[PDB]
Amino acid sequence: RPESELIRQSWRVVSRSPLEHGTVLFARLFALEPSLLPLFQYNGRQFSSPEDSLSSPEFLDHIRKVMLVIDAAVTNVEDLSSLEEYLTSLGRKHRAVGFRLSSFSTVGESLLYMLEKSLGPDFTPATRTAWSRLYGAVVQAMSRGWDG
């Protein structure tokens, strides 16, 4: 559609600087859901405060991964069936880390925030709506790693 392009166009801006943008996504996410923070367990140490996470290179790496999955979702915005099977298994990985199912919606409100703050006025409600459809779909796929 033209929604696919709303997405492509918004993303444009964000993949200039994906860590920086994802840094935003995650800080927002911890602000909204602090109980997520212990789920990263690099060396079986638990970050004590959000800012600790920002000093973890493993964590920053997880940001890069997040943004690359999202990036794959944008590339395939036309048909997200092509990455259903990947995303399903990726949801399974997340099941295993202790991630609740409810927590996806936060991750999604985090991404939106991040887009909204990056695009300011360009972040029109058709844009909120498109991303939300995209991310909604990513989660649908991901949720099938809780299958039942």
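One rule holds for the numbers: they count along the sequence shown, beginning at 1.
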Where do the C-alpha atoms have the higher mean temperature factor in this entry, in 102 to 110 or in 28 to 36? 102 to 110
Which has the higher mean CA temperature factor in the PDB entry, 112 to 120 or 41 to 49? 41 to 49
Based on the deposited C-alpha B factors for this chain, I'd like to know if residue 89 is in the lowest, middle or highest third. middle
Considering every modelled residue of the chain and its Cα B-factor in the PDB entry, is residue 125 in the lowest, middle or highest third? highest
Based on the deposited C-alpha B factors for this chain, I'd like to know if residue 81 is in the lowest, middle or highest third. highest
Report the third (lowest, middle or highest) to which the CA temperature factor of residue 10 belongs, ranking only the modelled residues of the same chain. middle
Give the position of residue 97 by CA B-factor within its chain, expressed as the lowest, middle or highest third. highest
